[PDB]
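Read in order, the letters of the first sequence correspond to residues 126 to 234 in the authors' numbering. Note that beta-carbon positions come from the ideal geometry of N, C-alpha and C, so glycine has one too.
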Amino acid sequence: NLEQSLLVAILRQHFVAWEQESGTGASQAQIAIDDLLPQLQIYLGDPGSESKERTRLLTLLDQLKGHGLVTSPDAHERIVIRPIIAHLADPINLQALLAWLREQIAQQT
DNA sequence: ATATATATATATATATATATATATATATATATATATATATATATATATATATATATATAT
Numbered sequence: 126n127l128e129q130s131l132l133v134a135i136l137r138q139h140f141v142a143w144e145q146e147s148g149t150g151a152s153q154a155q156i157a158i159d160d161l162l163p164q165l166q167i168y169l170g171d172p173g174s175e176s177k178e179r180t181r182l183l184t185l186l187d188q189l190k191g192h193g194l195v196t197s198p199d200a201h202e203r204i205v206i207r208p209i210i211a212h213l214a215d216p217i218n219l220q221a222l223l224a225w226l227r228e229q230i231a232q233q234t
């Protein structure tokens, strides 16, 4: 669904950006939950409360863990991106949709 | 020119996944009400003594 696609695109670009610096296959840096909500806000707005957005992000991460793309949030609310994200079927789709929605919001604002 | 057997296109129906709302089961807390227990006071009945109304026995 749309939200899962956006989250996967964000995670994918984070992973590629990290690999650009530390090299291919470098141990992924732990990313906090607080860091992703501002970014999902860029494409989904504010659903009404922090208690709602954080819950949505957590359920999305748990859904993605089923496919193996991300680990479970650790005791301090940080996740790690799994290697399997690099081998998605068509990574070009993520870039296109993500940039398209970003351009949409930039045009409407 | 009609039947009779493939092939292709299209539509329908089903399965999977997720989001949202509702129902059910269970547990707990609360409030209310009922019933009971307790305490107190008063009423009734009986017993005993004295007072009022009436009559009889004993001693000389």
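In three-state terms, what does DSSP make of residue i?
i, result
"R227", "helix"
Determine the closest residue to residue i out of the options, with distance taken between C-alpha atoms.
i, options, result
"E202", "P216, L161, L132", "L161"
"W143", "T184, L223, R207", "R207"
"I156", "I204, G170, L219", "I204"
When we look at the beta-carbon of residue i and count the other beta-carbons within 10 Å, is it buried (16 or more) or exposed?
i, result
"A134", "buried"
"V195", "buried"
"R227", "exposed"
> Whole alpha helix (DSSP H) runs in the stretch 133-195 with 4 or more residues, listed along the chain?
Replying inline: Qualifying alpha helix (DSSP H) stretches, in chain order: 158-169, 175-192.
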